[PDB]
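[1] Here is my input; please provide its structure:
(chains A and B)
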Amino acid sequence: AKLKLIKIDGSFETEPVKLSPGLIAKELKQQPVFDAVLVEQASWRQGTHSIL
RNA sequence: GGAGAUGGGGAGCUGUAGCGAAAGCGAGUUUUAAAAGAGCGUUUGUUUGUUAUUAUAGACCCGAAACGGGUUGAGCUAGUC
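    Numbers count the residues shown, from 1 in each chain, chains lettered A, B, ... in the order given. The relevant structure is shown in the block below.
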């Protein structure tokens, strides 16, 4: 695509960088995204609770 | 490795050829003298998520009389001294 470089001033550069098309997929998966976000929101749990 | 997602890690797991008690044979095979007949086979996978049911753990909850083991008690009462 037209990915373009930025300087520290905040003003862009004048020479954008093209991208290999293998990065951008024509087919999107929207169930594995959701599964991944849940599996990462879990695994962040200590689970130290206890009761007699 | 941020008490991380994940990366490495193919050792194993299931499926890919069944049949037979077994050696064995092999899209055939066991029984059988039989290459007939019949039985069984002649491809539809796997790993996770979630839910229902189920197994071993008290396993919906409450409820015994009891069983066993260790200790404490003869300052009432029974006996003896």
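[2] Residues of chain A that sit close to RNA strand B?
    A:35-36, A:39-40, A:43-44, A:46, A:48 (C-beta under 7 Å from any atom of the strand). Quick note: C-beta positions are derived from backbone N, CA and C, even for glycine.
[3] change it to 10 Å
    Applying C-beta under 10 Å from any atom of the strand, we find that chain A lies next to RNA strand B at A:31-32, A:34-48.
[4] who touches the spatially most central residue of chain A in this structure?
    Nearest to the geometric centre of chain A sits residue A:33, at 10.1 Å (C-alpha atoms, centre = their mean). Not one residue lies near residue A:33 by C-beta atoms under 8 Å, 6 or more residues apart in numbering.
[5] Reduced to three states, what does it come out as?
    Three-state call for residue A:33 (DSSP: H, G, I helix; E, B strand; the rest coil): helix.
[6] Contact partners for residue A:13?
    A:4-7.
[7] Looking at those, which is nearest RNA strand B?
    Proximity of those to RNA strand B (C-beta to the nearest atom of the strand) peaks at residue A:6, which lies at 23.4 Å.
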